[PDB]
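**Q** model the following, please.
(chains A and B)
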Amino acid sequence: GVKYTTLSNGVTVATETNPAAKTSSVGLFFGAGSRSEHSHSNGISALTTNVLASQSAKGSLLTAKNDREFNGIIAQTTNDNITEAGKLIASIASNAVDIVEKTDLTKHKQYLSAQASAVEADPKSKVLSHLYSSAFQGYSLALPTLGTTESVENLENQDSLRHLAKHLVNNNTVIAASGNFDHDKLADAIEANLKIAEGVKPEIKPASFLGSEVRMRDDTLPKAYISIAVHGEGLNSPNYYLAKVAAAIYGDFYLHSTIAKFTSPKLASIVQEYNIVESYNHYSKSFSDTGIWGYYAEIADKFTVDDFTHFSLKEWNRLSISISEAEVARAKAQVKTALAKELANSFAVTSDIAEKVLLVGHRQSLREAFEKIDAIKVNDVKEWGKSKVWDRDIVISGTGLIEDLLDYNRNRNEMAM
Amino acid sequence: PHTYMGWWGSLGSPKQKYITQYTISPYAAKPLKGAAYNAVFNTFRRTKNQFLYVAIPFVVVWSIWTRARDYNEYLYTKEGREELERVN
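**A** Numbering: from 1, shown residues only, chains lettered A, B, ... in the order given. Right below this line is the structure:
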């Protein structure tokens, strides 16, 4: 029941209503993440959402969804209480400016700054967060999704109120839902309670990929954390699933897992000849129009970072040459399962349906995605590999024990032979 | 092997956690950004800074050499013949 409803105003209510859903959630999203911020006001999108999500809930679970592109509040409740959750967020949104005007941001700013620092403490999130920025340095997409401590500390109610009035508008806002409930009852409940100001959809600020390396050599950490990625296909790109399939070819790995010695990806067998890497993760992060395709890796040995990058990048070369049908068949199946896994929780699908409805304007159910992935031949992957991987610029990030990570030229040269 | 230089994993450098490095893929950068300005302004700056240390010793040595060469030439010309006999 993916059906959509457009209110008297231009707000679209998209609901993935489905029986046998364990719990139901509703969330109002407006397409203004760190993408639509600038360094002086960075993190305002997260701060304003946290304030709204901090409002008292009538037994519902208000949580804030913060992302590079989109941002909104999500309420999760039992299927019988969904209508109350819907009326709740409309009350939160209609009173958004009034709530923010009187709200004291000091406590929320501490929470947001604490979040951002905690992101920096975790090496993976730091590496990924730096990676995304280094690729898009100079554009708004480089801004951290939750902002930075110094940027947040300068935020004031005026900054957010300007932000909400710019972005929290009918054309730039969507309502998402999922669970076992009647779509019409939710839509009627929202219409009778949601009152928001009209406005034009803010133009999405452009961003362009720039191959670069950002090194945060941190010799006190026990392991070396690195990520290397290229300009992968983003949303609304015909290769969006193809990029995911390519990533699943190399898949994941964790040296201390029972599956390590028996996992399919070629790179997994290669790295164990010397226990080169403890864990690595191939991913295809996709934004509204830009995506980053690559891997994240944690190396627990100072002397094997260069060995890993050499072998991992050498394996990337096989995308354009000698890629096996078995791998593509494996990657197609693995992505399909991973795609379906993401959409299990009603909360997860509510976030997903909001993302697509905002950033691409239409959504594909698992039926369509499976029909697309199933049609991916080996050749299509190889053409994609040559287009997006072979001799294409890489962006490199790394924080711990980076001393062995050879400089950019060495790694980049491995991308072609 | 307490070599004061090790391999890449441990080059013997001390802990340097709080420093960050930044570079752009050469596939994205200019090769000749500073070539024109550098070859003139920067080269002249280096030459001017290092000049005195080359000039002063060179002036001293070349002055001594010129004095010696001129004296020898005078000796081997006719007007110096007698002194060539006197010195030898």
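**Q** residue A:281 should be in a strand, yeah?
**A** Yes - secondary structure of residue A:281 (DSSP: H, G, I helix; E, B strand; the rest coil): part of a strand.
**Q** for it, give me its contacts.
**A** Residues in contact with residue A:281 (C-beta atoms under 8 Å, 6 or more residues apart in numbering or on different chains) are A:252-253, A:295-297. Where C-beta positions appear, they are placed from N, C-alpha and C, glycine not excepted.
**Q** how about 6 Å then?
**A** Contact partners of residue A:281, counting by C-beta atoms under 6 Å, 6 or more residues apart in numbering or on different chains, are A:252, A:296.
**Q** which non-adjacent residue is nearest residue A:143?
**A** In space, and not counting its chain neighbours, residue A:143 is closest to residue A:34: 4.1 Å by C-beta to C-beta, 6 or more residues apart in numbering or on different chains.
**Q** could you report the neighbour count for that neighbour?
**A** 26 (other C-beta atoms under 10 Å in any protein chain shown).
**Q** residue B:34 now?
**A** The local packing of residue B:34 (other C-beta under 10 Å) involves 11 other residues.
**Q** the one 4 residues further on too?
**A** Using other C-beta under 10 Å, the number of residues around residue B:38 comes to 12.
**Q** surely it is within a helix?
**A** Yes - membership of residue B:38 in a helix is supported by three-state DSSP.
**Q** residue A:232 is in contact with residue A:240, correct?
**A** No - Residue A:240 lies out of contact with residue A:232 (C-beta atoms under 6 Å); the separation is 9.1 Å.
**Q** and those two? which has more neighbours close in?
**A** Remark: of residue A:240 and residue A:232, residue A:232 carries more neighbours, 29 against 20, as counted by other C-beta under 10 Å.
**Q** phi, psi of that one?
**A** phi -80, psi 160 (degrees, to the nearest 10).
**Q** how close does it sit to residue A:346?
**A** Applying C-beta to C-beta, to the nearest Å, the value for residue A:232 to residue A:346 is 28 Å.
**Q** again with residue A:9
**A** According to C-beta to C-beta, residue A:9 and residue A:346 sit 26 Å apart.
**Q** higher neighbour count, the two?
**A** Using other C-beta under 10 Å as the criterion, residue A:9 and residue A:346 rank with residue A:346 on top: 25 against 15.
**Q** now that one: closest residue in space, sequence neighbours ignored.
**A** Distance criterion C-beta to C-beta, 6+ apart; nearest residue to residue A:346, sequence neighbours excluded, is residue A:178 at 4.3 Å.
**Q** got the phi/psi numbers for that neighbour?
**A** For residue A:178, the backbone dihedrals are phi -170, psi 150 (criterion: degrees, to the nearest 10).
**Q** tell me how many other residues crowd it.
**A** Residues near residue A:178, counting by other C-beta under 10 Å, number 30.
**Q** chain center to stretch A:193-210, what's the gap?
**A** Remark: stretch A:193-210 is offset 18 Å from the chain centroid, using C-alpha atoms, centre = their mean, to the nearest Å.
**Q** how is chain A partitioned into domains?
**A** A:1-194, A:200-417 (curated CATH domains).
**Q** and those as JSON lines, adding distance to residue B:29?
**A** Below are the domains of chain A laid out as JSON lines (distance: least, C-beta to C-beta, whole Å):
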{"stretch": "domain A:1-194", "distance to residue B:29": "12"}
{"stretch": "domain A:200-417", "distance to residue B:29": "9"}
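**Q** wait, which of those domains is closest to residue B:32?
**A** Checking these against residue B:32 by C-beta to C-beta gives domain A:200-417 as the closest, at 18.0 Å.
**Q** report the buried residues of stretch B:29-48.
**A** Buried residues in stretch B:29-48, counting neighbours by 16 or more other C-beta atoms under 10 Å in any protein chain shown, are absent.
**Q** please read the previous query as pertaining to stretch A:126-134.
**A** Those would be A:126-134, for stretch A:126-134 by 16+ other C-beta under 10 Å.
**Q** so how many other residues sit close to residue 27?
**A** Here I'm looking at chain A. Using other C-beta under 10 Å, the number of residues around residue A:27 comes to 27.
**Q** that's the wrong chain, I wanted chain B
**A** Residue B:27: 15 neighbours (other C-beta under 10 Å).
**Q** wait, it sits on residue A:393?
**A** Yes - with contact defined as C-beta under 6 Å, residue B:27 counts as touching residue A:393 (4.8 Å).
**Q** mutual contacts of the two, please.
**A** Counting by C-beta under 6 Å, 6+ apart, the shared contacts of residue B:27 and residue A:393 are residue A:211.
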